[PDB]
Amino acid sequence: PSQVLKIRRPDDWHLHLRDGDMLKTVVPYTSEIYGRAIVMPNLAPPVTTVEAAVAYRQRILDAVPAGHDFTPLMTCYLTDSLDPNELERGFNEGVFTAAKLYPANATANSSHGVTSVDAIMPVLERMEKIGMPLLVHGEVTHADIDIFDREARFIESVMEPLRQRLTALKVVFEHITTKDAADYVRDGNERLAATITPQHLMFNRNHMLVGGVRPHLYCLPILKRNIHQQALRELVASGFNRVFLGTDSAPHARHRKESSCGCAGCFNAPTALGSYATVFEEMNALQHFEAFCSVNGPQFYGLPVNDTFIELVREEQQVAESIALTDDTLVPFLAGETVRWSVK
């Protein structure tokens, strides 16, 4: 009989659900499998108020198929103009589970982003005071920094000084992609965690660039050299308990991916969980798989572990080539491939 892997129902600690018709298409891929997800706030315009988060939460709930037990955990997009009182109210009311810091840029509109981290110290101090976790997309985006160096540079110039300045702040280093970040997180304290995507465990930059350019593997932070991939694999396989599942499922229509300027992001919600199983199996570390998927995130966030179970079966299945949208189509992670593990 085909091998079965039973786990406590997982959660996705880093997800993009988009809005409108695309939200309606993509939510089911998450809600069928995961009990909760951290829903990122990078809509156009971004979610920067309690009222917007409440309304978005309801649009997500509207799109959940009948019978799925799925709870979106909302986030606030940090911006220069965000009122610390607004963030705190949302946290106190259970609307915002966390706040998300995207890379700083001096040219950012104060309504849409952060100009410098120093400029938002009032909101960061407030998060520290109230115990609200900060989720970080840790890259510095200065034009003179090579794209492959941007994560490592963030550690030195932003992450370490911030954590020294605000010693009680809880931080998730999202979607880490480098040995630099893996080591930093491994050597950190109980207030520092990380998420890792399936693509950054499965692939390295050669997969994106050798034999052709593959925009469906193009995402931020960019896939790194093999030595970084291996460090990430070793970190999850070690059993380190402050790394956890965050897909960064980030859907874009096919025409927006396969263009003269392809958008960053992998639509991996359909195939992520089986992909993680494949990685943990290859690393001879399946004894750490459930904790990564279903325990470590809840522990860091101070939330209960799910009390229902799901099963993956080690039986081969083909991934769809594409998934229809109202207009155009979405190309899933591993489209058309035969995969080793799927959900029963």
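All residue numbers refer to positions in the sequence shown, first residue = 1.
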Averaging the C-alpha temperature factors as deposited, the higher value of 213-221 versus 153-161 falls on 153-161
Between 34-42 and 64-72, the record assigns the higher mean Cα B factor to 64-72
Entry record, C-alpha B-factors for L135, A264, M121, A269; the maximum is at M121
Reading the B-factor column for Cα atoms of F240, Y77, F96, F203, the highest value belongs to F240
In terms of its chain's C-alpha B-factors, the third that includes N189 is the highest
Split the chain's modelled residues into thirds by Cα B-factor; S259 lands in the middle
The third of the chain into which the C-alpha temperature factor of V26 falls is the lowest
Among the modelled residues of its chain, the C-alpha B-factor of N109 falls in the third labelled middle
By the entry's values, the third containing the CA B factor of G246 is the lowest
